[PDB]
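Take a look at the structure set out below.
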Amino acid sequence: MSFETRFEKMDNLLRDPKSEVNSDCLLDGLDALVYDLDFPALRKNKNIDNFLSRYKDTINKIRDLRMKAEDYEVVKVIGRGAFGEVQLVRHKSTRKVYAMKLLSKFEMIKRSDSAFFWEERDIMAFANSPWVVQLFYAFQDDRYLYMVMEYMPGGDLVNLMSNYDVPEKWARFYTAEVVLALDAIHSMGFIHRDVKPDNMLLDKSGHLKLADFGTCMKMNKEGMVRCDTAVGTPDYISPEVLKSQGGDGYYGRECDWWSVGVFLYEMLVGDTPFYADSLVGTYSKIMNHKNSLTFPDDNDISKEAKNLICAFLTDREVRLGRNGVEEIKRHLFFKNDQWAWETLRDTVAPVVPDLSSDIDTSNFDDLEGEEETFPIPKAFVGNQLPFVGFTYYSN
Amino acid sequence: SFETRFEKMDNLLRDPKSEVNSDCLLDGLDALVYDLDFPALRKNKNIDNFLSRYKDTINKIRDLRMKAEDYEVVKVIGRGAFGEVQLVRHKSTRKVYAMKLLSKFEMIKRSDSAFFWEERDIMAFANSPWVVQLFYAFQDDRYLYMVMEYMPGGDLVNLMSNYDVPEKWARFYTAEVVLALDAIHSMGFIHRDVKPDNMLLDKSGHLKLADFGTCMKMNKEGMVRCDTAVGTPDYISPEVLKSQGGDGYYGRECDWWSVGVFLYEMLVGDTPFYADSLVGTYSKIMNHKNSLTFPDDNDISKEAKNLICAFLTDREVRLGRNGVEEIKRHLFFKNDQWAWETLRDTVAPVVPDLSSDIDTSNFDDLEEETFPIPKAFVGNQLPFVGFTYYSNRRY
Ligand SMILES: CS(=O)(=O)Nc1cccc(CC(=O)Nc2nc(-c3c[nH]c4ncccc34)cs2)c1
Ligand SMILES: CS(=O)(=O)Nc1cccc(CC(=O)Nc2nc(-c3c[nH]c4ncccc34)cs2)c1
């Protein structure tokens, strides 16, 4: 409350990589102001014109120095999606190899939803868990948002499952790491919402990390979230998150445990338990899990694996994990000899990636519409404002 | 090269002279919030959501950063067209200052200057005992503030109004003006408005120049190119007076004209080109050759009369056309009580006898207008982004 304390408090607020007003967010704010005002229509205003004239030389210097997309050499497009694409890239100067998620600022504004990336940035940047893919640098430009993360050369669980008939001992491993990776996110106060094999990545050692925190939400004072959002491909989604079509309720971290059952069922049975041709067909079967969940006759599935799946594929009220992680960990399906929960990431993985080089992309299938841009505004529309403060740098 | 790019950018945020230091960056965000926060503009989701997101933060910033509520006003010790000066005390530090306020509204409603920028730099970076020092500069949606050192000795106007100034005192006050003007010139500026109103006295009784509002930096030829007259009617020089569009190319000799006007006033008691009407004063300045006369004042010496006439002549033969040393060498300054190089260390003619730290005896006492709510983005706070002198300052 003293004068110096007020100065120091403000000075450290500019240095904090978690602050809303650090030098990177502050710069982002100016960079946006220049992007959204520089139009002939708006420049007819002297306040606007003189401002833009004054900061021209400077804003350009900043633009050149600050991290830019041209500082990375793209090696392969190792992933795609609605709004963006992931790409194996190499930093031209440092020579370091990374995975970079691009997100079109145009599309996110056209199709709304432009707040999902906020939890994706914070989780990866501040998590500090060997269970979460790490964000090194987040930066933007008039067209996209960029996330420079650690490259996972082992591929995703989708690829693994597609190449092996997963034995129970491997499934017990991959599930345990998911239980731990999920518990970490929960410990950070987040619900993943869409846990699936596509989001389970393998490091050089063959150990798991969760990725694609796009669907994440921060839990309230009672460890709960609420949404009016529509979810695509409901295969891994829980009956609660589906009954939430319009904010028609709340749900806790037990929604992530449902998806784990779906992941265990898939690795051992070979298919998703509620699969149907149409999306509406999948939804109907999830709602009717009581009667739709069935197992095949080839009892290549143990008594305890069948039990864990059914303990996870039940209504929230009696779902395993409603009373915390320790009741999942204590399950007989996890009873083994090879590992101990507290040292599982130090154990030797079932599948160890044998890799050719630093840029080995063998586990990632290669990838093959023109760029749509924001129109010239007649008035101030401030298209850049929803992304002010996205820029992150690690020291 | 990398790292050099980081360092270059880091030093750009620290520099108190940079366009993108923390002060300017913080000002930019503070402006964006002030300017967008209107019900009309908030109808735009990009704007509304941005504001909603940065509400908590912007308010924290506003509370920590220097604000007008931090100072307890003691007396309005001065007024002007756009602002007012006020003796104030910092509520926290207990420190006593003089604060110049400038209505952001009045300025925007036809200013034709942006004078406040050089007034800021001269006072902040001058580092002369001849220039009033700026400690902090800050703003808000309504005003610009300059927190400077309080001059308790009053101005020369007050002194002249209370004493029949003897020649020995006039020789002192002139010499200090010659030195304080030379310092501004050495910084590459022409004061353009030298008058007793801008001569202030410190606790010791020594001079400092103030009100650098009319200042302008000289070109590499030591000249200024103004299409319009600047300064005060009595003290304006014939060349700064005539100063047309195509013409108006004057040097630092315009400050020497005003010194003659100051010397004449202290010894004679009136301004030399004084006339009833203001238009009468103009006519007499132009016709200085015939209008400058002295009364039957036996008390004005031969050398005082000569200095005045050496200063009250056409620029082409004005004393000081060949530098300060020809003014300093003048016989009027010949004395056995001080030496030019040690004059500020000598004992003043009038030493202020002051009651306390807040003694306002030398200052006589003096006893709404605002921007309309905009329907569209008008950006009224943009011309003042970067005014603040607080976070990145020169210590
Ligand atoms: C659905 S959308 O259109 O809203 N967004 C969107 C667009 C394109 C792709 C995706 C998937 C996705 O999230 N991919 C991710 N990949 C990593 C990663 C980190 N390291 C690695 N190493 C190898 C390989 C991938 C990684 C993290 S999240 C999402
Ligand atoms: C005409 S305008 O509206 O464009 N500008 C404007 C508005 C208000 C006042 C004035 C005069 C003025 O400039 N006064 C100044 N006072 C100090 C100072 C510094 N220290 C001190 N101590 C005691 C007493 C005054 C000081 C510096 S400049 C000019």
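Residues are referred to by chain and number: the chain letter is A, B, ... according to the order shown in the structure tokens, the number counts from 1 in that chain, and ligands are numbered separately from 1 in the order shown.
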- Write out as a VMD selection string each polymer residue (protein, DNA or RNA) that has an atom no more than 10 Å from ligand 1, with only C-alpha atoms and all ligand atoms counted. chain A and resid 77 to 88 97 to 104 107 to 108 113 to 114 116 to 117 120 124 132 to 135 147 to 156 198 to 203 209 to 215 232 361 363 to 364
Taking only C-alpha atoms into account, which residues of chain A are within 8 Å of chain B, as an mmCIF file with C-alpha atoms, in the first residue's frame?
data_model
loop_
_atom_site.group_PDB
_atom_site.id
_atom_site.type_symbol
_atom_site.label_atom_id
_atom_site.label_comp_id
_atom_site.auth_asym_id
_atom_site.auth_seq_id
_atom_site.Cartn_x
_atom_site.Cartn_y
_atom_site.Cartn_z
ATOM 1 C CA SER A 2 3.061 2.345 0.261
ATOM 2 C CA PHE A 3 4.204 4.331 -2.879
ATOM 3 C CA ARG A 6 2.571 0.323 -5.712
ATOM 4 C CA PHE A 7 5.482 0.859 -8.203
ATOM 5 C CA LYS A 9 3.590 -4.315 -7.791
ATOM 6 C CA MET A 10 3.094 -2.615 -11.202
ATOM 7 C CA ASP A 11 6.695 -3.369 -12.358
ATOM 8 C CA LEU A 14 4.835 -6.263 -16.546
ATOM 9 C CA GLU A 20 -2.768 -9.997 -18.435
ATOM 10 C CA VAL A 21 -0.567 -6.818 -18.747
ATOM 11 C CA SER A 23 5.055 -6.540 -22.069
ATOM 12 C CA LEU A 26 0.767 -4.895 -23.917
ATOM 13 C CA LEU A 27 2.631 -5.066 -27.245
ATOM 14 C CA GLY A 29 -2.599 -4.531 -27.794
ATOM 15 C CA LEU A 30 -0.632 -1.936 -29.819
ATOM 16 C CA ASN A 45 -10.274 10.632 -38.591
ATOM 17 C CA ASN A 47 -6.907 11.085 -34.093
ATOM 18 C CA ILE A 48 -6.607 7.725 -35.960
ATOM 19 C CA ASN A 50 -1.946 10.872 -36.773
ATOM 20 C CA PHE A 51 -1.664 7.909 -34.372
ATOM 21 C CA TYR A 55 3.746 4.575 -34.736
ATOM 22 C CA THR A 58 8.111 1.724 -34.599
ATOM 23 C CA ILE A 62 8.484 -4.417 -33.426
ATOM 24 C CA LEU A 65 11.976 -8.278 -34.038
ATOM 25 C CA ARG A 66 9.027 -10.102 -32.344
ATOM 26 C CA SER A 93 18.287 -20.055 -36.220
ATOM 27 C CA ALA A 379 -15.950 1.372 -39.620
ATOM 28 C CA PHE A 380 -13.973 0.131 -36.597
ATOM 29 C CA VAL A 381 -14.814 -3.581 -36.219
ATOM 30 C CA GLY A 382 -11.808 -4.521 -34.038
ATOM 31 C CA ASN A 383 -11.273 -8.023 -35.437
ATOM 32 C CA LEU A 385 -9.203 -7.583 -30.014
ATOM 33 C CA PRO A 386 -10.331 -11.236 -29.095
#
Practice problem: Do a neighbour search on range 343-346 of chain A at 7 Å with only C-alpha atoms, toss out local chain neighbours closer than 3 positions, and write the hits as a PyMOL selection string. | Solution: chain A and resi 207+339-340
Using N, CA and C atoms, can you write the selected residues to a file as a PDB file, in the first residue's frame?
ATOM      1  N   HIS A 207       6.221 -43.150 -23.845  1.00  0.00           N
ATOM      2  CA  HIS A 207       5.353 -42.714 -22.741  1.00  0.00           C
ATOM      3  C   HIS A 207       4.372 -41.644 -23.200  1.00  0.00           C
ATOM      4  N   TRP A 339       4.859 -52.662 -12.878  1.00  0.00           N
ATOM      5  CA  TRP A 339       4.964 -51.244 -12.465  1.00  0.00           C
ATOM      6  C   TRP A 339       4.191 -50.836 -11.203  1.00  0.00           C
ATOM      7  N   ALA A 340       4.580 -49.678 -10.652  1.00  0.00           N
ATOM      8  CA  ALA A 340       3.929 -49.065  -9.502  1.00  0.00           C
ATOM      9  C   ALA A 340       3.489 -47.686  -9.932  1.00  0.00           C
TER      10      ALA A 340
END
Please identify every residue of chain B that has at least one atom no farther than 10 Å from an atom of ligand 2, counting only C-alpha atoms and all ligand atoms, and for each give the shortest atom pair and the distance in Å to one decimal, arranged by chain then increasing number, as a tab-separated table.
residue	atom	partner	partner_atom_place_in_ligand_line	distance
B:76	CA	ligand 2	24 (C)	9.4
B:77	CA	ligand 2	24 (C)	6.4
B:78	CA	ligand 2	9 (C)	5.2
B:79	CA	ligand 2	8 (C)	4.2
B:80	CA	ligand 2	3 (O)	3.7
B:81	CA	ligand 2	3 (O)	3.8
B:82	CA	ligand 2	3 (O)	3.4
B:83	CA	ligand 2	7 (C)	3.8
B:84	CA	ligand 2	8 (C)	3.5
B:85	CA	ligand 2	9 (C)	5.0
B:86	CA	ligand 2	24 (C)	7.5
B:87	CA	ligand 2	23 (C)	7.0
B:97	CA	ligand 2	22 (N)	7.4
B:98	CA	ligand 2	21 (C)	5.0
B:99	CA	ligand 2	18 (C)	7.3
B:100	CA	ligand 2	8 (C)	6.3
B:101	CA	ligand 2	8 (C)	6.8
B:102	CA	ligand 2	7 (C)	6.6
B:103	CA	ligand 2	3 (O)	8.3
B:106	CA	ligand 2	3 (O)	8.9
B:107	CA	ligand 2	4 (O)	8.5
B:111	CA	ligand 2	4 (O)	8.8
B:113	CA	ligand 2	4 (O)	9.9
B:115	CA	ligand 2	4 (O)	8.6
B:116	CA	ligand 2	4 (O)	8.8
B:119	CA	ligand 2	28 (S)	8.6
B:123	CA	ligand 2	27 (C)	8.8
B:131	CA	ligand 2	19 (C)	9.0
B:132	CA	ligand 2	19 (C)	5.6
B:133	CA	ligand 2	19 (C)	7.5
B:134	CA	ligand 2	19 (C)	8.3
B:146	CA	ligand 2	27 (C)	8.6
B:147	CA	ligand 2	19 (C)	8.3
B:148	CA	ligand 2	19 (C)	5.5
B:149	CA	ligand 2	20 (N)	5.1
B:150	CA	ligand 2	22 (N)	3.8
B:151	CA	ligand 2	22 (N)	3.7
B:152	CA	ligand 2	23 (C)	6.0
B:153	CA	ligand 2	23 (C)	7.9
B:154	CA	ligand 2	23 (C)	6.5
B:155	CA	ligand 2	24 (C)	7.6
B:197	CA	ligand 2	11 (C)	7.9
B:198	CA	ligand 2	15 (C)	7.1
B:199	CA	ligand 2	17 (C)	9.4
B:200	CA	ligand 2	22 (N)	7.1
B:201	CA	ligand 2	22 (N)	8.3
B:202	CA	ligand 2	22 (N)	8.4
B:208	CA	ligand 2	20 (N)	8.9
B:209	CA	ligand 2	27 (C)	8.1
B:210	CA	ligand 2	27 (C)	4.6
B:211	CA	ligand 2	28 (S)	3.6
B:212	CA	ligand 2	28 (S)	6.8
B:213	CA	ligand 2	13 (O)	6.9
B:214	CA	ligand 2	4 (O)	8.9
B:360	CA	ligand 2	23 (C)	8.9
B:362	CA	ligand 2	23 (C)	9.2
B:363	CA	ligand 2	24 (C)	7.7
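Around residue 266 in chain B, within 6 Å and counting only C-alpha atoms, the residues found are residues 165, 263 and 269 of chain B, once anything fewer than 3 positions away on its own chain is removed.
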Among range 95-298 of chain A, which ones does DSSP assign to strand (DSSP E) (computed from the backbone)? Answer as a count of residues only. 35
Go through A:25, A:52, A:185, A:195 and flag the residue nearest residue 38 in chain A, using only C-alpha atoms for the distances.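 Counting only C-alpha atoms, the residue closest to residue 38 in chain A is A:52.
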Q.
Let's see if you can do this: from backbone DSSP, list all alpha helix (DSSP H) residues in range 184-361 of chain A, as number ranges by chain.
A. A: 184-187, 239-243, 254-269, 279-287, 289-292, 303-312, 326-329
**Q.** Computed interatomic separation between CA of residue 160 in chain B and CA of residue 207 in chain B (Å)
**A.**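 A separation of 14.1 Å between them.
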One decimal place gives the CA of residue 206 in chain A-CA of residue 306 in chain A separation as 25.9 Å
Minimum-distance residue to residue 179 in chain A, chosen among A:321, A:40, A:296, A:369 (using only C-alpha atoms):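 Closest to residue 179 in chain A of all the choices is A:321.
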Quick one: residues within 12 Å of residue 182 in chain B, only C-alpha atoms, excluding same-chain residues fewer than 5 positions away - as number ranges by chain?
B: 128, 130-131, 175-177, 187-191, 209, 252-253, 255-256, 259, 320, 323-325, 327-328
Checklist entry - In Å to one decimal, how far is CA of residue 181 in chain A from CA of residue 355 in chain A? => result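 These atoms are spaced 24.4 Å apart.
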(request) Using only C-alpha atoms, determine which residues lie at most 9 Å from residue 314 in chain B, disregarding the query and same-chain residues fewer than 3 positions distant; provide the list as a list in words. (result)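 My list of contacting residues is residues 237, 238, 239, 257, 288, 289, 311, 317 and 318 of chain B.
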Same residues, N, CA and C atoms, output as a JSON list (two decimals), in the first residue's frame:
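Writing done, so here's result_1.json:
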[["chain", "number", "residue", "atom", "x", "y", "z"],
["B", 237, "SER", "N", 9.10, 39.61, -30.60],
["B", 237, "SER", "CA", 10.13, 40.19, -31.46],
["B", 237, "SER", "C", 9.52, 40.57, -32.80],
["B", 238, "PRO", "N", 10.00, 41.63, -33.47],
["B", 238, "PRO", "CA", 9.38, 42.02, -34.76],
["B", 238, "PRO", "C", 9.37, 40.96, -35.83],
["B", 239, "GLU", "N", 10.36, 40.06, -35.83],
["B", 239, "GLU", "CA", 10.48, 38.98, -36.80],
["B", 239, "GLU", "C", 9.51, 37.81, -36.50],
["B", 257, "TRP", "N", 15.56, 39.43, -27.88],
["B", 257, "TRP", "CA", 14.68, 40.60, -27.93],
["B", 257, "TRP", "C", 13.91, 40.68, -26.61],
["B", 288, "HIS", "N", 9.78, 49.91, -33.51],
["B", 288, "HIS", "CA", 10.71, 50.01, -32.36],
["B", 288, "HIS", "C", 11.77, 51.11, -32.53],
["B", 289, "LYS", "N", 12.22, 51.34, -33.80],
["B", 289, "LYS", "CA", 13.23, 52.35, -34.14],
["B", 289, "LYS", "C", 12.90, 53.72, -33.55],
["B", 311, "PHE", "N", 19.54, 45.04, -27.52],
["B", 311, "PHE", "CA", 18.62, 43.92, -27.58],
["B", 311, "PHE", "C", 17.34, 44.29, -28.32],
["B", 317, "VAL", "N", 21.46, 43.16, -36.38],
["B", 317, "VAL", "CA", 22.45, 43.83, -35.52],
["B", 317, "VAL", "C", 22.06, 43.70, -34.03],
["B", 318, "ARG", "N", 21.37, 42.60, -33.69],
["B", 318, "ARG", "CA", 20.95, 42.36, -32.32],
["B", 318, "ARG", "C", 22.07, 41.70, -31.54]]
Quick one: residues within 6 Å of residue 224 in chain A, only C-alpha atoms counted, chain neighbours fewer than 4 positions away excluded, as a PyMOL selection string?
chain A and resi 219-220+251-252
Restricting to only C-alpha atoms, whichever of B:242, B:375, B:104, B:305 is closest to residue 38 in chain B is B:375
Residue among B:39, B:16, B:352, B:196 lying closest to residue 124 in chain B, counting only C-alpha atoms
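Nearest to residue 124 in chain B: B:16.
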With distances taken over only C-alpha atoms, the candidate from A:123, A:225, A:178, A:352 nearest residue 260 in chain A is A:178
